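Please read the structure below before turning to the comments.
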Amino acid sequence: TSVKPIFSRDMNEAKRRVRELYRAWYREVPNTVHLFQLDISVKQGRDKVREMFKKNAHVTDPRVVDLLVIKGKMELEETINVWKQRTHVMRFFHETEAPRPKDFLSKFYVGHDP
Amino acid sequence: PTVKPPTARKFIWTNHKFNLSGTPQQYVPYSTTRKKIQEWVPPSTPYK
Amino acid sequence: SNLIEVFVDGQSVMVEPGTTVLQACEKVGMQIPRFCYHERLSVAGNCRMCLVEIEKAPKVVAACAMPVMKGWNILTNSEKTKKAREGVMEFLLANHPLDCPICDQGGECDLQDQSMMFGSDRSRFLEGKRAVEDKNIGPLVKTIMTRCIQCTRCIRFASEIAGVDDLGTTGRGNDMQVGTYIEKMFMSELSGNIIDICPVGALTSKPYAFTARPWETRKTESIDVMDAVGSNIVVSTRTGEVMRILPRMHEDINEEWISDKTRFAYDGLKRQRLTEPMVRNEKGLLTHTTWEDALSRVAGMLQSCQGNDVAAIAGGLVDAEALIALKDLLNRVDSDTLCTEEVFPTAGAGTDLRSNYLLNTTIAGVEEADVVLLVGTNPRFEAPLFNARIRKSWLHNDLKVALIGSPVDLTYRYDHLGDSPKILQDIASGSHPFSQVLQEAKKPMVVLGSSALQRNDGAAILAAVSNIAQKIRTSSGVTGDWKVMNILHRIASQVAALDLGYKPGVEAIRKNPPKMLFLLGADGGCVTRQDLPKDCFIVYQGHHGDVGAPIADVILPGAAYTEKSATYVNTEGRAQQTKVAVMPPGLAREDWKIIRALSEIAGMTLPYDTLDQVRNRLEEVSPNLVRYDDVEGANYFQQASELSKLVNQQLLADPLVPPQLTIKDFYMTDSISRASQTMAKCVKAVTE
Amino acid sequence: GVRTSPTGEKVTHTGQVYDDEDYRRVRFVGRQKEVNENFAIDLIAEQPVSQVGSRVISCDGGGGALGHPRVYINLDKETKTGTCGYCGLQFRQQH
Amino acid sequence: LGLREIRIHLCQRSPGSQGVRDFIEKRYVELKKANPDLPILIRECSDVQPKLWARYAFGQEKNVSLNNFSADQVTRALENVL
Amino acid sequence: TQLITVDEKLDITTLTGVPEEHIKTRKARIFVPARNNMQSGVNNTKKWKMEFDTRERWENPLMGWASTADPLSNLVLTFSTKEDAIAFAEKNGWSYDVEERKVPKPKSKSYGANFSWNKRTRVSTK
Amino acid sequence: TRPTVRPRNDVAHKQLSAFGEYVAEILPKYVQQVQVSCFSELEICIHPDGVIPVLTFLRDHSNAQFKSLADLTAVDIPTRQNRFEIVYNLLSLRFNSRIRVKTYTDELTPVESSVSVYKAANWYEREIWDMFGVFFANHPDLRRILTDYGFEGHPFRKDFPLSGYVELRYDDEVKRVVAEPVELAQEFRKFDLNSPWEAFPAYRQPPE
Ligand code: SF4
Ligand code: SF4
Ligand code: FES
Ligand SMILES: [Zn+2]
């Protein structure tokens, strides 16, 4: 099963590229929140960014992690340019609840949700 | 159209009710459909 | 040896002898445009669309009746084959009216599809087009005989699988009215199957008649209810709702077959359903309210009560998932009593022992039986598809079928033995020539109905039938594994409740009085508020309750079989899950969702929240119920019958008669079929 | 030409009149529910049943190729007058 | 508290399950005569680990695996349950 | 060229941006569509249709339509083998159910069987 | 078939047959199928490692000029281990002929950036990356064109549904445009339309 790679040799170089990407996102926040005339503190946005990094935490193939690094690189280039607008950055946040919980009783009052 | 106007069918108006959006007399949409599922009738008598 | 060569379009293949051209073409992947052939009926070479050119032949032969001789070369797509098909299609579209908008088979015609993909396009026949006066075959089947192309398919249908013989050809030439001369209502069981047999829009549905069109509706997988057989049913649903149902094919059971009550049974499913939970009011009036007040009242009462006062009767069409959830909450609180509407005896360990309480054989495997007797029931009005299978067996190969209890209108020249259990045991045991046919036959089958199960002597009659099966089991060395013995049922949830370890019959409530009980679909009067103390607190969780629901204290709006992913068992032990097609009107949540929410609110919990975890606990309780779509053959019949000698009581000489005996008793025995005015129309039609 | 609700509203030719526990009534407030005044069932019974003393007849419906296609209906039952599925207007034979 | 229900999980081919088939040939009518009050039950699906479970004491379920065991050991496990 | 490759399964739901709610919530169904029995044509076989479960469809209060908040409601995926069907259902992360294909059973018919001498198989009408 | 039937050029049939046999015999390393359609356009079905060599060959070599680039498309076909189809289309100025280079590809293993031999393939590659996800290594600029930047999911897959997961509206609460989950006011009534009965017997695939 000789399958071509993308960039790396195992998950270790993938961890190196994603921690470089996380460093770039971490020092890329304050210019964005200063520029876009936003509404949310710096640490809250940084916490949701690192939460997004925590979200995909069970991926083991090197090609998929490399491709997520490429996706984050594309999105970081677009945010460090002013190509995106206020709507997109607020669209990364989810403030428009929908507070729909996993409570089975609350799943029962508004239901049909297996 | 005074050469031959008419038609010999008895449903055609003679008022010709003109455009009326922004009046107290204007069209509304609704459903031309009767009862959907016919909810259960509870009986009126008591058991004690 | 048993192989004959054909060059279907120059492609060689081996074919079994005796078969014909069309089966070989379906063996190689071809079709042939056909009308009067059908894969469940006799072959009658009438349609003429099925033609095909064989080389070295001046004529063009029909591909239905021609036997496969050695070494053919079949030209399915030759020149004069296509010429003949264009000709015969141009003949068929002369006497057929222009009803393509108003017809009922717009996307589902056969003339239209074959006239595109094989017919001509420019027509002829400037003047003519005869017209035929329609009949009124019955208030369930709309009938316009002008669209009839005289393809002679319903006639063979009736004369074989219905046996009724009310539809015949009248006339000659162009004038051949196909129908009944005497204007009699063609009414029997499986009469609903004739509107799908009719390959054109001539014999069609009456309640569906001008309500939909096939391309808008979407198909949905489902499993039949109201019968212990479970024909495979596809619901043509439309717009969060329905339109109608259709049968579809399982190999073991119900190949292109459905009950007529089943076919026309969706009206009462949509007629007067329950919508919201309902709580009584101190005026005495069952008002409706939100889930909060109702579930709080139920949870407070259930937490404030224990003992042997917790009863649950589950009858009619209920899940297995809801039964698992109710049983689990039931054993969370303290203890048990659970009953169904119907009664099964527990003497020779009948609740366990997979042998006795279901149909042991294969329903397709009854074709290989030789001598069958039938102790009290009526299979024409208890799972009529099984009766159609019996008649199909008797028509193809040899049978000898006797009936014990009442001479009914089974339509296939049956033997009748009389009405006493002493007659059946003594005649079939000691000395009788029909009993000699039993002893010196090869593959016999005794079918026990659930109708004679209702009396108190059911343990004794069960013991007698097990004695007959045990005597033939010790006789003749045949065949093991195979068996004379099988029984039938009426409700699938009865079989599921027998599987999950419940008490059949209301006897545990008859002895021990409860003080809190849950009715899951108790239609009939098993228990009332007079066979029970005055402070009842019954909770009816159901749908379109009209008998049983005004009795109730707390109404819960349960779901329906088209509204939840069930897991049902046939009469021979096959787990068939349903698929959700319609979301229910009203609040009306799922049943196991209601029970696990009740466990959430009352002071307990359950270690499962989703239907996959419900399937995990169902896998805990019974392993076969999650392994779908498959048969399960148990053993230990002699062990069951030697367990049966614990209780050996009287076989009273009352003449046992099946109450399943007439047309109204077929049509009205459910809340669903009782509600639908379609069934009321055909009840007053058949009676008056 | 029409009938009227107990609340005092124009009903339609289809029986879709309302409760007193609704809200489509409150979107009908102040704005006229424009029902069709002339119904459809009423015009048919006013028509004279066209009687031809033939056996099997044709129908076009108001001009050749302007209307429903040709339908050939039967007149062999006598108490059951043959109705065109398109026209709606009945026929009787004569003898 | 007391016993409520006993469940048996079997197949057609496994050596311990074959031991349970021998146990259920020889010592089930004896087991049923022992208690006509306990609803023990026997199940097969097509093939499964031949389990023996017992639910009692307000829903507490207990497992024994009767894989690769003989019939007298199954009798011993039945005595362990009852 | 005998490069890096690991031998693991695929978890493409990290790439296709789909909500995890609609991943873990729904459950696919893989089946051969049964023939629409009012017609008689078996060309509608020879496929492997993947659908999803049907879900909530209320009514538009203003018109009487059918509205739904279900984005994966009206898909169908036509496949040609059950092997790659189940492979794809594993590959794109969602759970799945597998029904099984049921063939038309071959039979034994003849016009001569319809016209026997002593056997009760007799059409008696044609 | 003398009226109303489109005639076909059997001269071009034989010429494209001979040319396809020529190319297939002279590059045995990557050529897997050469098929001639009945309506006479050449199709060459290609392993995804001779992308750059075969395109350097087809742009040049002077027996086949083929400067003009048409579409690059990707057609999403499941039930295949290699799903997607990168379809180059080439047109010769001097010769008036069209060849469809159908090279295959999977979900993840890339192909190799035809912009180094074909400048017109640049934005085609950017578009096919944004809409499908066929990765394009050794390429300068892979960004998003024909989507929103807050949008993702590669919506031209068959796996992505018709209506997208997001839906915009305006609200005065946060004084801006927000993106909610999809709430259709009408069903998009899907029509089962594929009738049976085998409209083309020449294209009968064999059974199992
Ligand atoms: S009524 Fe229908 S099935 Fe019967 S002969 Fe006519 S077309 Fe055939
Ligand atoms: S049966 Fe077929 S051909 Fe006849 S009117 Fe109906 S759709 Fe048309
Ligand atoms: S099937 Fe051969 S004649 Fe109709
Ligand atoms: Zn007319």
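Quick note on naming: the chains in the structure tokens go A, B, ... in the order shown, residues restart at 1 in each chain, and ligands are numbered from 1 in order of appearance.
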Could you list the protein, DNA and RNA residues that have any atom within 7 Å of ligand 2, counting only C-alpha atoms and all ligand atoms, and write them as a list in words?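 Listed by chain and ascending number, the contacts are residues 96, 97, 98, 99, 100, 103, 104, 105, 106, 109, 110, 111, 112, 147, 200, 201 and 202 of chain C.
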Which parts of chain D does DSSP call strand (DSSP E or B) when run on the backbone here, written out as number ranges by chain? D: 4, 10, 50-51, 56-57, 73-74, 82-83, 90-92
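If one restricts the calculation to only C-alpha atoms and all ligand atoms, the set of residues situated within 9 Å of ligand 4 consists of residues 58, 59, 60, 61, 67, 68, 69, 70, 71, 72, 73, 83, 84, 85, 86, 87, 88 and 89 of chain D.
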Which protein, DNA or RNA residues have an atom within 8 Å of ligand 3, counting only C-alpha atoms and all ligand atoms, as a PyMOL selection string? chain C and resi 34-38+43-51+62-65+151
Go ahead and write the residues just picked, N, CA, C and O atoms, as a PDB file, in the first residue's frame.
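See result-v4.pdb below for the written result:
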```
ATOM      1  N   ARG C  34     -43.318  -7.355 -21.978  1.00  0.00           N
ATOM      2  CA  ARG C  34     -44.351  -8.343 -21.739  1.00  0.00           C
ATOM      3  C   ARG C  34     -45.530  -7.688 -21.044  1.00  0.00           C
ATOM      4  O   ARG C  34     -45.378  -6.692 -20.337  1.00  0.00           O
ATOM      5  N   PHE C  35     -46.723  -8.219 -21.297  1.00  0.00           N
ATOM      6  CA  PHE C  35     -47.911  -7.773 -20.583  1.00  0.00           C
ATOM      7  C   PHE C  35     -48.604  -8.890 -19.819  1.00  0.00           C
ATOM      8  O   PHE C  35     -48.790  -8.770 -18.610  1.00  0.00           O
ATOM      9  N   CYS C  36     -49.001  -9.967 -20.472  1.00  0.00           N
ATOM     10  CA  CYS C  36     -49.866 -10.916 -19.802  1.00  0.00           C
ATOM     11  C   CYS C  36     -49.098 -11.929 -18.980  1.00  0.00           C
ATOM     12  O   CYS C  36     -49.709 -12.656 -18.194  1.00  0.00           O
ATOM     13  N   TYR C  37     -47.786 -12.008 -19.145  1.00  0.00           N
ATOM     14  CA  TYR C  37     -47.013 -12.830 -18.237  1.00  0.00           C
ATOM     15  C   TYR C  37     -46.927 -12.150 -16.884  1.00  0.00           C
ATOM     16  O   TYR C  37     -46.939 -10.924 -16.778  1.00  0.00           O
ATOM     17  N   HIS C  38     -46.862 -12.963 -15.840  1.00  0.00           N
ATOM     18  CA  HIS C  38     -46.595 -12.468 -14.506  1.00  0.00           C
ATOM     19  C   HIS C  38     -45.902 -13.568 -13.731  1.00  0.00           C
ATOM     20  O   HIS C  38     -46.222 -14.744 -13.895  1.00  0.00           O
ATOM     21  N   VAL C  43     -49.031 -19.236 -17.078  1.00  0.00           N
ATOM     22  CA  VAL C  43     -48.578 -18.698 -18.349  1.00  0.00           C
ATOM     23  C   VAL C  43     -49.701 -18.875 -19.355  1.00  0.00           C
ATOM     24  O   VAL C  43     -50.138 -20.002 -19.611  1.00  0.00           O
ATOM     25  N   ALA C  44     -50.173 -17.767 -19.919  1.00  0.00           N
ATOM     26  CA  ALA C  44     -51.242 -17.799 -20.912  1.00  0.00           C
ATOM     27  C   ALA C  44     -50.846 -16.867 -22.045  1.00  0.00           C
ATOM     28  O   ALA C  44     -50.887 -15.648 -21.882  1.00  0.00           O
ATOM     29  N   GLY C  45     -50.519 -17.434 -23.198  1.00  0.00           N
ATOM     30  CA  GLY C  45     -49.852 -16.696 -24.251  1.00  0.00           C
ATOM     31  C   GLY C  45     -50.738 -15.712 -24.981  1.00  0.00           C
ATOM     32  O   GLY C  45     -51.134 -15.943 -26.125  1.00  0.00           O
ATOM     33  N   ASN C  46     -51.054 -14.605 -24.328  1.00  0.00           N
ATOM     34  CA  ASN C  46     -52.060 -13.692 -24.838  1.00  0.00           C
ATOM     35  C   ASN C  46     -51.555 -12.318 -25.208  1.00  0.00           C
ATOM     36  O   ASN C  46     -52.210 -11.650 -26.009  1.00  0.00           O
ATOM     37  N   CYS C  47     -50.443 -11.858 -24.636  1.00  0.00           N
ATOM     38  CA  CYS C  47     -50.120 -10.445 -24.763  1.00  0.00           C
ATOM     39  C   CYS C  47     -49.596 -10.136 -26.143  1.00  0.00           C
ATOM     40  O   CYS C  47     -49.883  -9.066 -26.686  1.00  0.00           O
ATOM     41  N   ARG C  48     -48.776 -11.044 -26.677  1.00  0.00           N
ATOM     42  CA  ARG C  48     -48.116 -11.037 -27.982  1.00  0.00           C
ATOM     43  C   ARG C  48     -47.001  -9.982 -28.051  1.00  0.00           C
ATOM     44  O   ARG C  48     -46.205  -9.989 -28.991  1.00  0.00           O
ATOM     45  N   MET C  49     -46.837  -9.151 -27.027  1.00  0.00           N
ATOM     46  CA  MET C  49     -45.710  -8.234 -27.002  1.00  0.00           C
ATOM     47  C   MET C  49     -44.391  -8.962 -26.764  1.00  0.00           C
ATOM     48  O   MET C  49     -43.332  -8.454 -27.142  1.00  0.00           O
ATOM     49  N   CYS C  50     -44.436 -10.176 -26.226  1.00  0.00           N
ATOM     50  CA  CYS C  50     -43.233 -10.858 -25.780  1.00  0.00           C
ATOM     51  C   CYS C  50     -42.457 -11.538 -26.898  1.00  0.00           C
ATOM     52  O   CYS C  50     -41.564 -12.327 -26.585  1.00  0.00           O
ATOM     53  N   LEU C  51     -42.749 -11.251 -28.162  1.00  0.00           N
ATOM     54  CA  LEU C  51     -42.183 -11.983 -29.287  1.00  0.00           C
ATOM     55  C   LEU C  51     -40.671 -11.809 -29.394  1.00  0.00           C
ATOM     56  O   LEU C  51     -40.093 -10.834 -28.913  1.00  0.00           O
ATOM     57  N   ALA C  62     -43.483 -16.756 -29.415  1.00  0.00           N
ATOM     58  CA  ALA C  62     -43.690 -16.056 -28.159  1.00  0.00           C
ATOM     59  C   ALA C  62     -42.745 -16.604 -27.105  1.00  0.00           C
ATOM     60  O   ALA C  62     -42.511 -17.811 -27.033  1.00  0.00           O
ATOM     61  N   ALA C  63     -42.208 -15.710 -26.279  1.00  0.00           N
ATOM     62  CA  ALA C  63     -41.162 -16.070 -25.334  1.00  0.00           C
ATOM     63  C   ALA C  63     -41.705 -16.371 -23.951  1.00  0.00           C
ATOM     64  O   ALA C  63     -41.031 -16.119 -22.952  1.00  0.00           O
ATOM     65  N   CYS C  64     -42.910 -16.911 -23.869  1.00  0.00           N
ATOM     66  CA  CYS C  64     -43.467 -17.317 -22.595  1.00  0.00           C
ATOM     67  C   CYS C  64     -43.640 -18.821 -22.503  1.00  0.00           C
ATOM     68  O   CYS C  64     -43.304 -19.420 -21.482  1.00  0.00           O
ATOM     69  N   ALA C  65     -44.151 -19.445 -23.558  1.00  0.00           N
ATOM     70  CA  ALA C  65     -44.514 -20.848 -23.510  1.00  0.00           C
ATOM     71  C   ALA C  65     -43.581 -21.753 -24.296  1.00  0.00           C
ATOM     72  O   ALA C  65     -43.663 -22.974 -24.137  1.00  0.00           O
ATOM     73  N   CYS C 151     -56.062  -8.059 -21.014  1.00  0.00           N
ATOM     74  CA  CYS C 151     -54.811  -8.791 -20.961  1.00  0.00           C
ATOM     75  C   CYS C 151     -54.931 -10.090 -20.190  1.00  0.00           C
ATOM     76  O   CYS C 151     -53.956 -10.847 -20.166  1.00  0.00           O
TER      77      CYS C 151
END
```
Name the residues, by chain letter and number, that sit within 10 Å of ligand 1 using only C-alpha atoms and all ligand atoms, and give them as number ranges by chain. C: 35-36, 47, 143-157, 167-169, 176-179, 194-204
Would you pick out the contacts of range 36-47 of chain E at 7 Å or less, using only C-alpha atoms, so that residues sharing its chain but fewer than 2 positions from it are not included, and give the list as an MDAnalysis selection string? (chainID C and resid 352:353 622:624 632) or (chainID E and resid 4:12 32:34)
How would the residues just picked look written out with C-alpha atoms as a PDB file, in the first residue's frame?
```pdb
ATOM      1  CA  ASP C 352     -39.324 -19.818  27.444  1.00  0.00           C
ATOM      2  CA  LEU C 353     -38.687 -22.791  25.112  1.00  0.00           C
ATOM      3  CA  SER C 622     -32.476 -11.415  23.670  1.00  0.00           C
ATOM      4  CA  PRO C 623     -29.615 -11.917  21.192  1.00  0.00           C
ATOM      5  CA  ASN C 624     -31.681 -12.769  18.112  1.00  0.00           C
ATOM      6  CA  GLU C 632     -33.859 -18.908  14.060  1.00  0.00           C
TER       7      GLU C 632
ATOM      8  CA  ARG E   4     -36.009 -13.073  39.436  1.00  0.00           C
ATOM      9  CA  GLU E   5     -34.877 -14.279  35.984  1.00  0.00           C
ATOM     10  CA  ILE E   6     -32.120 -16.342  34.346  1.00  0.00           C
ATOM     11  CA  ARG E   7     -31.069 -16.044  30.687  1.00  0.00           C
ATOM     12  CA  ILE E   8     -29.083 -18.467  28.515  1.00  0.00           C
ATOM     13  CA  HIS E   9     -27.130 -17.494  25.383  1.00  0.00           C
ATOM     14  CA  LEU E  10     -26.152 -20.338  23.029  1.00  0.00           C
ATOM     15  CA  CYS E  11     -25.187 -21.202  19.460  1.00  0.00           C
ATOM     16  CA  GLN E  12     -24.694 -24.333  17.365  1.00  0.00           C
ATOM     17  CA  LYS E  32     -37.700 -26.961  35.858  1.00  0.00           C
ATOM     18  CA  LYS E  33     -38.905 -29.421  38.501  1.00  0.00           C
ATOM     19  CA  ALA E  34     -36.509 -27.653  40.894  1.00  0.00           C
TER      20      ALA E  34
END
```
Can you pull out every residue within 9 Å of residue 74 in chain A, counting only C-alpha atoms, but drop anything in the same chain fewer than 6 positions away, and send it as a ChimeraX atom specification? /G:142-144
Enumerate, in order of chain and increasing residue number, the residues of chain A with an atom no farther than 9 Å from chain C, each with its shortest atom pair and distance in Å to one decimal, counting only C-alpha atoms, as CSV.
```
residue,atom,partner,partner_atom,distance
A:104,CA,C:597,CA,7.0
A:105,CA,C:597,CA,6.3
A:108,CA,C:597,CA,7.4
A:109,CA,C:291,CA,7.4
A:110,CA,C:587,CA,9.0
A:111,CA,C:589,CA,7.1
A:112,CA,C:589,CA,6.8
A:114,CA,C:610,CA,6.7
```
May I have the residues within 12 Å of residue 27 in chain D as number ranges by chain, using only C-alpha atoms and disregarding those fewer than 2 positions away in the same chain? B: 27-30; D: 22-25, 29-33; F: 61-62
Taking N, CA and C atoms for each residue, export the selection above as a PDB file, in the first residue's frame.
```
ATOM      1  N   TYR B  27     -55.443  41.776  -1.643  1.00  0.00           N
ATOM      2  CA  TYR B  27     -55.368  40.323  -1.611  1.00  0.00           C
ATOM      3  C   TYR B  27     -54.564  39.836  -0.414  1.00  0.00           C
ATOM      4  N   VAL B  28     -54.980  38.701   0.133  1.00  0.00           N
ATOM      5  CA  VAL B  28     -54.178  37.996   1.129  1.00  0.00           C
ATOM      6  C   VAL B  28     -54.005  36.535   0.742  1.00  0.00           C
ATOM      7  N   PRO B  29     -52.849  35.942   1.001  1.00  0.00           N
ATOM      8  CA  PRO B  29     -52.684  34.509   0.772  1.00  0.00           C
ATOM      9  C   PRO B  29     -53.171  33.699   1.958  1.00  0.00           C
ATOM     10  N   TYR B  30     -53.645  32.499   1.656  1.00  0.00           N
ATOM     11  CA  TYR B  30     -54.062  31.546   2.676  1.00  0.00           C
ATOM     12  C   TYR B  30     -54.012  30.151   2.077  1.00  0.00           C
TER      13      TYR B  30
ATOM     14  N   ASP D  22     -57.997  30.281  16.315  1.00  0.00           N
ATOM     15  CA  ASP D  22     -57.084  30.328  15.188  1.00  0.00           C
ATOM     16  C   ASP D  22     -56.358  31.664  15.138  1.00  0.00           C
ATOM     17  N   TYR D  23     -55.545  31.807  14.097  1.00  0.00           N
ATOM     18  CA  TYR D  23     -54.795  33.018  13.811  1.00  0.00           C
ATOM     19  C   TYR D  23     -54.819  33.383  12.337  1.00  0.00           C
ATOM     20  N   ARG D  24     -55.242  32.480  11.456  1.00  0.00           N
ATOM     21  CA  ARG D  24     -55.441  32.880  10.072  1.00  0.00           C
ATOM     22  C   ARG D  24     -56.618  33.841   9.960  1.00  0.00           C
ATOM     23  N   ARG D  25     -57.552  33.755  10.909  1.00  0.00           N
ATOM     24  CA  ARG D  25     -58.555  34.797  11.070  1.00  0.00           C
ATOM     25  C   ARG D  25     -57.918  36.135  11.425  1.00  0.00           C
ATOM     26  N   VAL D  29     -57.793  39.990   9.272  1.00  0.00           N
ATOM     27  CA  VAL D  29     -58.422  41.171   9.849  1.00  0.00           C
ATOM     28  C   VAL D  29     -58.018  42.404   9.058  1.00  0.00           C
ATOM     29  N   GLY D  30     -59.014  43.147   8.580  1.00  0.00           N
ATOM     30  CA  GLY D  30     -58.793  44.392   7.888  1.00  0.00           C
ATOM     31  C   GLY D  30     -58.505  44.254   6.413  1.00  0.00           C
ATOM     32  N   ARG D  31     -58.191  43.053   5.951  1.00  0.00           N
ATOM     33  CA  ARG D  31     -57.865  42.808   4.560  1.00  0.00           C
ATOM     34  C   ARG D  31     -58.810  41.740   4.035  1.00  0.00           C
ATOM     35  N   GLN D  32     -59.389  41.982   2.865  1.00  0.00           N
ATOM     36  CA  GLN D  32     -60.497  41.167   2.391  1.00  0.00           C
ATOM     37  C   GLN D  32     -60.025  39.820   1.871  1.00  0.00           C
ATOM     38  N   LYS D  33     -60.602  38.756   2.417  1.00  0.00           N
ATOM     39  CA  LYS D  33     -60.399  37.392   1.937  1.00  0.00           C
ATOM     40  C   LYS D  33     -61.095  37.244   0.594  1.00  0.00           C
TER      41      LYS D  33
ATOM     42  N   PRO F  61     -47.120  27.724   8.080  1.00  0.00           N
ATOM     43  CA  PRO F  61     -48.394  28.304   8.526  1.00  0.00           C
ATOM     44  C   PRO F  61     -48.994  29.291   7.551  1.00  0.00           C
ATOM     45  N   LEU F  62     -48.206  29.850   6.641  1.00  0.00           N
ATOM     46  CA  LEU F  62     -48.739  30.875   5.759  1.00  0.00           C
ATOM     47  C   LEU F  62     -49.357  30.295   4.498  1.00  0.00           C
TER      48      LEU F  62
END
```
Considering only C-alpha atoms, tabulate each residue of chain F that lies at most 10 Å from chain C along with its nearest interatomic pair and the corresponding distance in Å to one decimal; arrange the rows by chain and ascending residue number and present them as a tab-separated table.
```
residue	atom	partner	partner_atom	distance
F:25	CA	C:610	CA	10.0
F:29	CA	C:579	CA	9.8
F:31	CA	C:221	CA	9.5
F:33	CA	C:221	CA	8.9
F:34	CA	C:248	CA	6.8
F:35	CA	C:248	CA	7.5
F:36	CA	C:248	CA	7.9
F:37	CA	C:248	CA	6.8
F:38	CA	C:196	CA	4.8
F:39	CA	C:108	CA	5.7
F:40	CA	C:110	CA	7.7
F:41	CA	C:31	CA	8.2
F:42	CA	C:31	CA	8.1
F:43	CA	C:31	CA	8.6
F:53	CA	C:580	CA	7.0
F:54	CA	C:581	CA	5.9
F:55	CA	C:583	CA	6.8
F:56	CA	C:583	CA	5.8
F:57	CA	C:240	CA	5.0
F:58	CA	C:240	CA	6.8
F:59	CA	C:240	CA	8.2
F:65	CA	C:239	CA	8.0
F:66	CA	C:239	CA	5.7
F:67	CA	C:240	CA	8.7
F:68	CA	C:240	CA	9.0
F:74	CA	C:218	CA	10.0
F:99	CA	C:629	CA	8.5
F:100	CA	C:629	CA	8.6
F:101	CA	C:250	CA	9.9
F:102	CA	C:251	CA	6.8
F:103	CA	C:251	CA	7.8
F:104	CA	C:251	CA	7.6
F:105	CA	C:251	CA	7.4
F:106	CA	C:23	CA	7.5
F:107	CA	C:19	CA	8.0
F:108	CA	C:19	CA	6.1
F:109	CA	C:19	CA	6.7
F:110	CA	C:65	CA	6.4
F:111	CA	C:43	CA	6.0
F:112	CA	C:65	CA	8.9
F:113	CA	C:42	CA	9.0
F:114	CA	C:42	CA	6.9
F:119	CA	C:397	CA	8.7
F:120	CA	C:395	CA	6.4
F:121	CA	C:395	CA	5.6
F:122	CA	C:160	CA	8.6
F:123	CA	C:159	CA	6.8
F:124	CA	C:159	CA	7.7
F:125	CA	C:159	CA	7.5
F:126	CA	C:44	CA	7.8
```
Within 7 Å of residue 91 in chain A, counting only C-alpha atoms, which residues qualify if same-chain residues fewer than 4 places away don't, as a list in words?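 Answer for this query is residues 87 of chain A; 178 and 179 of chain G.
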Residues of chain C within 6 Å of chain G: nearest atom pair and distance (Å, one decimal) for each, counting only C-alpha atoms, sorted by chain and number, as a Markdown table?
```
| residue | atom | partner | partner_atom | distance |
| --- | --- | --- | --- | --- |
| C:117 | CA | G:199 | CA | 5.8 |
| C:215 | CA | G:191 | CA | 5.6 |
| C:216 | CA | G:191 | CA | 5.6 |
```
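You will find CA of residue 414 in chain C at 9.8 Å from CA of residue 399 in chain C.
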Specify as an MDAnalysis selection string all residues of chain B found within 8 Å of chain C, counting only C-alpha atoms. chainID B and resid 37:48
Limited to C-alpha atoms, could you put the picked residues into a file as an mmCIF file, in the first residue's frame?
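Contents of the output file again28.cif:
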```cif
data_model
loop_
_atom_site.group_PDB
_atom_site.id
_atom_site.type_symbol
_atom_site.label_atom_id
_atom_site.label_comp_id
_atom_site.auth_asym_id
_atom_site.auth_seq_id
_atom_site.Cartn_x
_atom_site.Cartn_y
_atom_site.Cartn_z
ATOM 1 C CA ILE B 37 -55.303 15.337 10.825
ATOM 2 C CA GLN B 38 -58.658 15.727 12.704
ATOM 3 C CA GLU B 39 -57.628 15.834 16.386
ATOM 4 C CA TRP B 40 -59.270 13.456 18.848
ATOM 5 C CA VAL B 41 -62.537 14.574 20.438
ATOM 6 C CA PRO B 42 -62.457 14.273 24.233
ATOM 7 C CA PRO B 43 -65.761 13.047 25.668
ATOM 8 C CA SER B 44 -67.691 15.342 27.977
ATOM 9 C CA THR B 45 -68.889 12.782 30.517
ATOM 10 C CA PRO B 46 -66.920 12.172 33.733
ATOM 11 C CA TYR B 47 -65.750 9.031 35.431
ATOM 12 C CA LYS B 48 -66.510 10.292 38.977
#
```
Here is a test: counting only C-alpha atoms, which residue of G:110, G:158, G:129, G:124 is nearest to chain A? G:110
